[PDB]
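Chemist: What follows is a protein structure lacking sequence information:
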RNA sequence: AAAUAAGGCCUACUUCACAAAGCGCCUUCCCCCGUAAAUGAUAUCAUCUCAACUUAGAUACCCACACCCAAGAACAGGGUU
RNA sequence: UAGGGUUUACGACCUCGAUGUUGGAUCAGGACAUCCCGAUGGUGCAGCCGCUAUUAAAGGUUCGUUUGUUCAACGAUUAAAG
RNA sequence: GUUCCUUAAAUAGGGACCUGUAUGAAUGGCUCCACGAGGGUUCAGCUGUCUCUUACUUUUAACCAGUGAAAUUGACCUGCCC
Ligand SMILES: [Mg+2]
Ligand SMILES: [Mg+2]
Ligand SMILES: [Mg+2]
Ligand SMILES: [Mg+2]
Ligand SMILES: [Mg+2]
Ligand SMILES: [Mg+2]
Ligand SMILES: [Mg+2]
Ligand SMILES: [Mg+2]
Ligand SMILES: [Mg+2]
Ligand SMILES: [Mg+2]
Ligand SMILES: [Mg+2]
Ligand SMILES: [Zn+2]
């Protein structure tokens, strides 16, 4: 009863007929596979099929850094350092080269986009390739392994210290100093938090999506 | 125009007039929904040299579409709304036919247009694109043209306006490289340097200069159709389409030399729901398109 | 991504690529009509004050959807006929190069792991 | 380019314009009537819409309390707001603010308007009263409607 | 950059006399049913607006006289009355703010 | 299949957000006069023609007050059920 | 014997009560004594690689290390860096 | 310049040759402790300088109201090709 973030449309004006057709196609596609619900920071294992590889069946494991897109576009990057080499694959849940979407864990890590893992040391990226699933507490609050993440030296690539990103996960005490924190906070915009016009409501849209999903499931 | 209608109406006649207008439009549409029942003129078979009438759909949005080979292919959306014929004119260089599209309110229009659209059924439309058709196919005015007119595996051209960027500069209008940022520019970063030569005290007509970009009709040739819908009357064309979202677009048969003699399997005049024709499924698919719900692909 | 003057990180068993040097080896020229290199493309690489051909095996920029994205400009050496210089590649190699079969056959046979 | 762009630039930046809008909203909540340019008028009306929505969400809600404490600089209008403009419109949904127009300013000639919450104790404004129903066209339309009804 | 030849009087006249620059005549002036001060469409009247502004100013002055110092803003509604007129039985707790004035021919 | 120059787009990728842009994706179609050959005379041989005659020898966009805008500096244009 | 004013000068004919001096940046207009995409004849043309003469300018004509210098040396490209 | 490096290219930088024929000694010849907004190179990190630029705020620009200059002008009814 959480609704995948792929159905919720964007604020962009258009014809609801397009969104309805997209939702119908997404439901018809999900009717075949399973596509379980997962959040950011959860380990996943998608078994795709490639035309050239050791066997037509392919496999890969990683953590969902983020997820966006609408309609048939449900992208999600999977991070998994193997053999001491960073690798990232952008998979889409609505592809024809999909067979099984196994979920290993269900976490949130506060931050809704773990894009700073690229700058983090390899310790928080390497994981076992043949790990078993971990399911517990059906229909209950999803656990959140609230833990900080140490960062590499100052040379970064996205300036994660600024407040515009809003991470609340990086351990700035063990990396940044007072002057760095001050220079980062200098670019603060308290008016964005109080801007009640940028919020995109979805109550009625969520209810309509749930009604359509129920109607499609019951017919 | 003159004085707008909503000026001398009290707080009780506005909704009544709105409901009356809606009911009249719906009744006219329902009465015109039967083309074959009324005199449809003699229908001729397919010939080597002969074209057919096009459609005027609405560009909703865009969505992807994967083929059986496992490759991404962008596809557009085209909603065929009503789309009726207005009149017919014989010999110009060839026969012509007018077609409409969306249903625009009949209050902000010219008296001549209102009279012309009152002489015929249906309400006044938005645009009126004239198609150069041959003397063979000749459909009577007032007949509908749904999305079933076209079929998959066919190249259909589209033309419409473009997202006008207003009077733009030089780089965005023609792609000029401009000038560097330093070494040693001081006020030259996006301006056009030299015009053309020196002795010539004129300016070559048509020279690239700042102007109004976009906001013009541009046709695209070579666009394959993947899937079509009959319920909502939607047409899914490959590749992008000029014009912003919810914008009327003119669609008709292609014109390339390799795609000219292949309308044998297509309806020469136009699709007729009333039949004596065997209705089509909910949506016709293509031979190289992953159907929605089919099992996962496998290159084994 | 891998254009001219780009600190390339070699990953091969060749002594030229494994041995250290006081200057990071970077690309030389892109064997393409455009000034942009992608996967499965030959490029010259300066190693130990000497010129030698190479092969792009993964870039840092985001490629198509069903493809990986490495964090370091991985590059593999190659000779004229190629005929790869190295003998073992522990790092993974994208499966996009398997569609060649003819241009870089020995490189695939020597490849160990795959994404 | 400004295709589908909202929020018209007013002050010397986002902070300046949002502060001006907050001051206008506070002045309106204090007096229920302000003469401001059309742009600022409609912006403050759109802001007061969401302000009243938040006030209606609830008083015990920490989010609404923080929003009221922020958008109100005087800090004395929060109770009046919560206890007057939320219960009074407990039946409405989105029928707040009544925008009109002012001829022009006697100084630099600027398009000004007026906005106020409905049900205020202040005198009423000269709203555009539609034509009476006892006119010629209205009588003709009424007769046509009566004939259509009797047709059944 | 500098003028090479002064513009002739004919050119100046043709430049400062075309319809594009002349003031475009408007036809959006109706007659206000109240006080007949020729109002404009989609715009409020003039004398009625001035009367409303004066009434609002007087009401605000009375409120200030009754409220006293600044920083108050009570959490109770308001009800305006006039000479006589017993307070409405419905609005008994609402603070009444008035002084001396007769109800005009346009206030409820 | 890739680029060149031109015509388009934000649904997937990015700068980012109620947009726009590319690194991201779709399309681009007609022969060009320079030669080689039947048949015969001035020159009943032979011979391609600055002698008579035959061979490789246009398709596309178009022409019925007042609020919002993907249209626009104004002007102008599209919608206002 | 015919064509050139693109190099070096040669003459000072209005322009010293002012025509602002080379390269390098955006933009290129035109001419073919044509580097390449189109078609032919010959050849020291068994084929590619070559050479020569005619038409075709609708198009293309790279990335860099130095010396301020167009020019001047060098590394790798594509059919060509006129 | 020769001469060996420093790079993929070195008239950029530096190790030695007098042949500088017009260097050469308080018109001072040579090294050196610290130093130079002095003039020329460079190793590991750095940024839109470019490869190919894009989005936002302001300055700023346009319209509606006010005032309000200067350089300049023989008169202009002011096109193009040879
Ligand atoms: Mg630039
Ligand atoms: Mg500058
Ligand atoms: Mg401003
Ligand atoms: Mg002289
Ligand atoms: Mg002189
Ligand atoms: Mg002089
Ligand atoms: Mg002079
Ligand atoms: Mg020639
Ligand atoms: Mg100004
Ligand atoms: Mg002015
Ligand atoms: Mg002057
Ligand atoms: Zn009045």
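Modeler: Ah, there it is. Numbering: from 1, shown residues only, chains lettered A, B, ... in the order given. Ligands and ions are numbered 1, 2, ... in the order given.
Chemist: so does the longest helix along chain D get close to chain E?
Modeler: Of all the elements of type helix in chain D, the one with the most residues (DSSP state H) is helix D:38-57. No: Helix D:38-57 does not reach chain E (Cβ under 8 Å from any Cβ of the partner chain); its nearest approach is 11.5 Å. C-betas here are computed from N, CA, C, even on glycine.
Chemist: How about the next helix or strand after that helix and chain A, touching?
Modeler: Remark: after helix D:38-57, the chain's next helix or strand is helix D:62-71, criterion DSSP states H and E. Yes: counting by Cβ under 8 Å from any Cβ, contacts between helix D:62-71 and chain A involve D:67, D:70, D:71.
Chemist: Can you list the buried residues in helix D:62-71?
Modeler: By neighbour count on 16 or more other Cβ atoms under 10 Å in any protein chain shown, the buried set for helix D:62-71 is D:64, D:65, D:67, D:68, D:71.
Chemist: What are the contacting residues of that helix?
Modeler: A:194, A:196, D:22, D:25-26, D:47, D:51, D:54-55, D:57-59, D:75, D:78, D:81-82 (Cβ atoms under 8 Å, 6 or more residues apart in numbering or on different chains).
Chemist: Remind me what the helix or strand following it packs against, helices and strands.
Modeler: Next helix or strand after helix D:62-71 toward the C-terminus (DSSP H and E): helix D:77-80. Here helix D:77-80 touches helix D:14-31, helix D:62-71, going by 3 or more Cβ pairs under 8 Å, 6 or more residues apart in numbering or on different chains; DSSP states H and E.
Chemist: Compare those and give me the one nearest residue A:49.
Modeler: helix D:62-71 (47.4 Å; Cβ to Cβ).
Chemist: tell me the angle that closest one makes with helix D:38-57.
Modeler: 150 degrees (axes from the mean of the first three to the mean of the last three Cα atoms, to 10 degrees).
Chemist: so how far is helix D:62-71 from its chain's centroid?
Modeler: Distance of helix D:62-71 from the chain centroid (Cα atoms, centre = their mean, to the nearest Å) equals 20 Å.
Chemist: Ok, stretch E:42-55 next?
Modeler: 4 Å.
Chemist: again with stretch A:146-161
Modeler: On Cα atoms, centre = their mean, the centre of stretch A:146-161 falls 19 Å from that of its chain.
Chemist: How about that stretch and chain C, touching?
Modeler: No: Stretch A:146-161 is not in contact with chain C by Cβ under 8 Å from any Cβ; minimum separation 10.0 Å.
Chemist: Which positions in that stretch come out as buried?
Modeler: Buried, per 16+ other Cβ under 10 Å, within stretch A:146-161: A:149, A:151, A:160, A:161.
Chemist: Ok, stretch B:40-56 next?
Modeler: So, applying 16+ other Cβ under 10 Å, buried residues of stretch B:40-56: B:51, B:52, B:53, B:54, B:55, B:56.
Chemist: Looking at those residues, spot the one nearest chain E.
Modeler: Nearest to chain E among the buried residues of stretch B:40-56 is residue B:56, at 35.3 Å by Cβ to the nearest Cβ.
Chemist: Now do the residue nearest to that closest one when sequence neighbours are not counted: how many residues are near it, please.
Modeler: Of all residues not flanking residue B:56 in the chain, residue B:101 sits nearest, at 3.9 Å (Cβ to Cβ, 6 or more residues apart in numbering or on different chains). For residue B:101, the neighbour count with other Cβ atoms under 10 Å in any protein chain shown is 23.
Chemist: State the distance from residue B:101 to RNA strand F.
Modeler: 10 Å (Cβ to the nearest atom of the strand, to the nearest Å).
Chemist: Within the helices and strands, which one has the closest residue to residue C:36 other than its chain neighbours?
Modeler: In space, residue C:36 comes closest to residue C:3 once its chain neighbours are excluded; the distance is 6.4 Å by Cβ to Cβ, 6+ apart. Under DSSP H and E, no helix or strand contains residue C:3.
Chemist: For the residue of chain D found nearest chain C, which residues are in contact?
Modeler: Among the residues of chain D, residue D:1 lies closest to chain C, at 26.1 Å counting by Cβ to the nearest Cβ. Listed by Cβ under 8 Å, 6+ apart, the contact set of residue D:1 reads B:165, B:166.
Chemist: just to revisit the earlier point, so which of the buried residues of stretch B:40-56 sit within strands?
Modeler: Per DSSP state E, strands hold the following members of the buried residues of stretch B:40-56: B:55, B:56.
Chemist: Among the buried residues of stretch B:40-56, which one sits closest to residue A:104?
Modeler: residue B:55 (50.1 Å).
Chemist: mind listing the strands for chain A?
Modeler: With DSSP E as the criterion, chain A has strands spanning A:43-48, A:60-64, A:75-79, A:88-92, A:98-103.
Chemist: hmm, who's touching the second one?
Modeler: Think strand A:60-64. A:38-46, A:48, A:76-80, A:87-89, A:91, A:104, A:114, A:117, A:127, A:129, A:131, C:115.
Chemist: Keep these, but drop any that are not near RNA strand H.
Modeler: When contact is defined as Cβ under 7 Å from any atom of the strand, the contacts of strand A:60-64 do not meet RNA strand H at all.
Chemist: Is residue E:14 within a helix or a strand, and which one?
Modeler: helix E:9-15.
Chemist: can that helix be found next to RNA strand H?
Modeler: Yes: counting by Cβ under 7 Å from any atom of the strand, RNA strand H is contacted by helix E:9-15 at E:9, E:10, E:11.
Chemist: How about the residues of chain A by chain D?
Modeler: Counting by Cβ under 8 Å from any Cβ, chain A comes close to chain D at A:12, A:13, A:189, A:191, A:194, A:195, A:196, A:197.
Chemist: Where neighbours are concerned, which of those residues has the most?
Modeler: For the residues of chain A next to chain D, neighbours tallied by other Cβ under 10 Å; top is residue A:196, 17 neighbours.
Chemist: thinking again about what came up before, pretty sure the residue nearest to residue B:56 is touching residue B:246, no?
Modeler: No: with contact defined as Cβ atoms under 8 Å, residue B:101 does not reach residue B:246; the gap is 11.7 Å.
Chemist: Can you check which residues contact both of these two?
Modeler: In contact with both residue B:101 and residue B:246: residue B:58, using Cβ under 8 Å, 6+ apart.
Chemist: So which residues of chain C form strands?
Modeler: C:9-10, C:27-30, C:42-47, C:50-56, C:74-77.
Chemist: Identify all contacting residues around the third one.
Modeler: This means strand C:42-47. C:2, C:8, C:10, C:16-17, C:21, C:25-31, C:37, C:51-56, C:75, C:77-78.
Chemist: Throw the buried residues of stretch A:146-161 into TSV and include distance to residue D:35, thanks.
Modeler: Compiled in TSV, those are given as follows (distance: Cβ to Cβ, whole Å):
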residue	distance to residue D:35
A:149	54
A:151	54
A:160	47
A:161	45
